[PDB]
Structures are given as C-alpha cells and as structure tokens.
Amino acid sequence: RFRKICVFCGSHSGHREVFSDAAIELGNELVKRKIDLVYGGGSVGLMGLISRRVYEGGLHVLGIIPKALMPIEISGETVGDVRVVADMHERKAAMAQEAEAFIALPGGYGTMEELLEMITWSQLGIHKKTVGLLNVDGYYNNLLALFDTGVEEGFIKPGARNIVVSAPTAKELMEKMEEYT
C-alpha cells in the first residue's frame, strides 16, 4: 500500500486525447486510492493535469522543480506546493527521496531520463521501490524492446528486466504495483 508516488511526465499533453486522458485516469486512480503525488512541479502539459486532478481530489501534491526551469514549466496560477531546488541533480534526488514508487508516464527526453534513472537505482540496489510504467496506446512498446535487446545481448540481466512494471491502463498498473511484493 503506497502513501505517495512521483509520476514522471512533461509540459506537453500529447496531440491525441489518449495521452491527456491517460494522465487524467492516473490522477483519478491516485485520488481513489488516497495516494499523495510528487512530480516535476510543472503546471501545464501532463504534469499540469496530473497534479491538477489529485489536488482537487484532496490528496497532497508536492511539486519539485529547479530554479531556472520555473519560467518554463510553471505558467498561469500555481496549485499545490513546490519545493524549488538547486538544479537537475537536486531535482533528481528530490523526486526520489520525497516519493515512493515511480510511474514514468509517457513523456519526452526528461521523462525518459527520469525513468531510466529510477530503474537504474533499483538495479544497483541504491533503493528498493517499485518502478512502474503506464504504457498508453503502446507509446513505450519500443522502449520496452530496447530493455530486452539489452538482455538478449547481455547488458541487462534477465531478472533486472522485471524491475519495470507496466500496463496499458492506470487501473491495471496500480493493481499490478499493488499485487507485487
């Protein structure tokens, strides 16, 4: 049973409704399960939608963002708390620490970098937290093929491939991450 999670996404929602709509479903799952949210502090894109839902849903919303990135990811009128930090690094250690599991929701390079990093810490044993993945409309099928390529070729261990918990819907992803211990 989780107390909070740090979803990874960006300032874009994606052209097709499935991505934004997928982000709304994750928010609704977090609300129903009474789980607080940790994220990049962005007030727009999938980040805006995610915290926007959990906030209104009641649960706590803790955003974490680097000083210089604020003019980029925060526009409009902020909702929820933000613990500004030094830079990308502090952000990296701030998103983990202040959170539990990790759903690296569909996103761009920043989000990809965040996912690979959390899995990397679990692989090395730096920390022991569930690393999930919401594979909306197969957006990550490729990334899911690269991990294996790494296994088959010998750069990733067969067991280490099991660090990634993915599903096509927020509902199943949450169940999976709750049905694995």
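Residues carry their position along the shown sequence, with the first being 1.
- Stretches 171-179 and 4-12 differ in mean C-alpha B factor, with the higher average recorded for 171-179.
- For the pair 139-147 and 26-34, the mean B factor over Cα atoms is greater in 26-34.
- For the set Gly45, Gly154, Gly40, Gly58, the PDB entry assigns the largest Cα B-factor to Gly58.
- The PDB entry assigns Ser20 a C-alpha temperature factor belonging to the lowest third of its chain's modelled residues.
- When the CA B factors of the chain's modelled residues are split into thirds, the value for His89 lands in the middle one.
- Per the deposited record, the Cα B-factor of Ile72 falls in the highest third when ranked against the other modelled residues of its chain.
- Remark: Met112 belongs to the lowest third of its chain, ranked by C-alpha B-factor as recorded.
- Sort the modelled residues of the chain by CA B factor and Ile50 lands in the lowest third.
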